[PDB]
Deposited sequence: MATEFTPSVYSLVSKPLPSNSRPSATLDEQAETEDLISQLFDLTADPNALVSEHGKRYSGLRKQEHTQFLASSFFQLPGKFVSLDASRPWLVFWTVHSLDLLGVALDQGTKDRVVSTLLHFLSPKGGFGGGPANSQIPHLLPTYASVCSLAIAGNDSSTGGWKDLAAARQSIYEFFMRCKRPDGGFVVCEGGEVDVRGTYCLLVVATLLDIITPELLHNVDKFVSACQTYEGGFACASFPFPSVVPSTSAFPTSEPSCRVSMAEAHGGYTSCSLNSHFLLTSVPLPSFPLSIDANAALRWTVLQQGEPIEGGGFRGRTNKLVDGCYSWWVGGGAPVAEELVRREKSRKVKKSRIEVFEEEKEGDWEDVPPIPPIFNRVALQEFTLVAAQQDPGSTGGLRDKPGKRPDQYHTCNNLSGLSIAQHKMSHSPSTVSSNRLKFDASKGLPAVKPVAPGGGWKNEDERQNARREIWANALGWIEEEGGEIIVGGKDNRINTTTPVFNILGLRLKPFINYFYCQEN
């Protein structure tokens, strides 16, 4: 299981060499190397039976992390007043991963809070609808949070989402630019985070149409840089004569681009989605895993620093890149693709708050833990612990059980011919999209739980980042497959 995933403690720790050319980058790197290696040196090797005397125990401190998430927020959080659905999401998803149930009363408060963020004209904002305009990002966060905390009853919020399908769709269409980009909100920035958040929600709620998706593949594909990862956006030169990526390959935007592209591959449009270079994306992904001296955590871009949140953004994009590479190799015609052991070691040893304190997980030693790093460290940990594959035979099984006669009302397109050509085409699209959304599986015998089974957390789903056990009944509800 671990032949090609060596423990950080079994490798030689060496600094990034200087080549006798000092620079600001190298100074920060060296300092970060010192910080992380020093914590590793104080910590017992998670893999060892003789759990060493005097050294810190690296076991996942689930109760501390649970306590951290429980705890009204202080005044400093005003900087996240326009991100309250994210605060809900980071909390409820972490609790799912940690295996901790909310009682029904608390789940009901979660649902009611989020519904107060939903505007009648479409979409969720970062706070109350009387205060904040709808935004693609809190729309993803509120939707996923409702998948986690909600249910099909009259007070469970899913019924409200179903009634909101047309307005949400109309909000998505208002956000749409002719080049395939989306603004995140009225007057807002165009980037692939918006694309990702929109496609997840459109997929889950059965509101995908051809007019919604036109050029969206092209926008995403032109985000890919010469490094193989993806930038925030591409610029259309005057539809366009050419599209050009607008900044560096970054783990955040690469996760969003791969996931977006992946969601588009199940949509039965002709010559769609425009291809990406999957090999280069996989290469970029694996190249961001840090050296043993930096604990095998992922950095978010070349020549910057490792950070626990990239365990999700970069590590969580690995199975997606892997699947896309696998498909490209089939259309022309097994060891782990990243160090799954080292990533766990980074999480356990470096990313957890020091024991007996506030709990929570963090970017790196020296940084305060927070809800975002808690959620993303744990999400990445889950990907490392559990071998996730997108299974063609599972997708086939899904096709075979799909009931096309069951469903919510079709979306009314903005432009008269913006919908599917007919009912056969729409049902075929519904089937493909639903069947592929439910295609991720945990491979039997692919489990690697560094430090023993008490470190095991639940399995998150690639692309979506909610537990399978949340995804299935949620998406089944909106497609009436239950």
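- Counting from residue 1 of the deposited sequence, the stretches lacking C-alpha coordinates in this chain are 1, 73-75, 243-254, 350-370, 520.
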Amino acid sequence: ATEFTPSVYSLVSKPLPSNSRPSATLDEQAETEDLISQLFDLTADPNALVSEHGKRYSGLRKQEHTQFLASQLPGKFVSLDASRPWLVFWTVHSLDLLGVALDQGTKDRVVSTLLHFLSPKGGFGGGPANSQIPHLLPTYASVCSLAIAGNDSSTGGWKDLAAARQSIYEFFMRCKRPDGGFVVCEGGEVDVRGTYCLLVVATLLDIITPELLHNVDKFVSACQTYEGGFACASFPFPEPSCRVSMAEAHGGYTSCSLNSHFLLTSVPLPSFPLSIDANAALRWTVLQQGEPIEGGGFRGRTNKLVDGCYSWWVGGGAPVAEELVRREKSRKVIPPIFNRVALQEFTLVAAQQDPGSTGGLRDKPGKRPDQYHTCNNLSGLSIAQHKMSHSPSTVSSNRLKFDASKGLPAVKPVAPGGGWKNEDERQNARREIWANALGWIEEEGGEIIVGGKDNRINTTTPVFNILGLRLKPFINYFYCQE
From here on, numbers count along this sequence of modelled residues.
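Rigid core: the largest C-alpha set superposing within 1.5 Å between the two forms.
- Looking at 74-82 and 147-155, the one farther from the shown form in 6 other deposited structures of this protein by average CA distance, after a rigid core fit, turns out to be 74-82.
- Between the stretches 303-311 and 150-158, it is 150-158 that shows the larger average CA temperature factor.
- Higher average CA B factor: 405-413, of the stretches 405-413 and 291-299.
- Going by the entry's values, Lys76 shows the largest Cα B-factor out of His373, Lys218, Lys76, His261.
- Taking the deposited Cα B-factors for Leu438, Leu49, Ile457, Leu60, the highest one is held by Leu49.
- For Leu400, the recorded CA temperature factor ranks within the highest third of the chain's modelled residues.
- Split the chain's modelled residues into thirds by C-alpha temperature factor. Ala141 is in the lowest one.
- For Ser393, the recorded CA B-factor ranks within the highest third of the chain. Only modelled residues enter the ranking.
- Per-chain ranking of the deposited C-alpha B factor places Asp179 in the middle third.
- The deposited CA B-factor of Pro268 belongs to the highest third of values across its chain.
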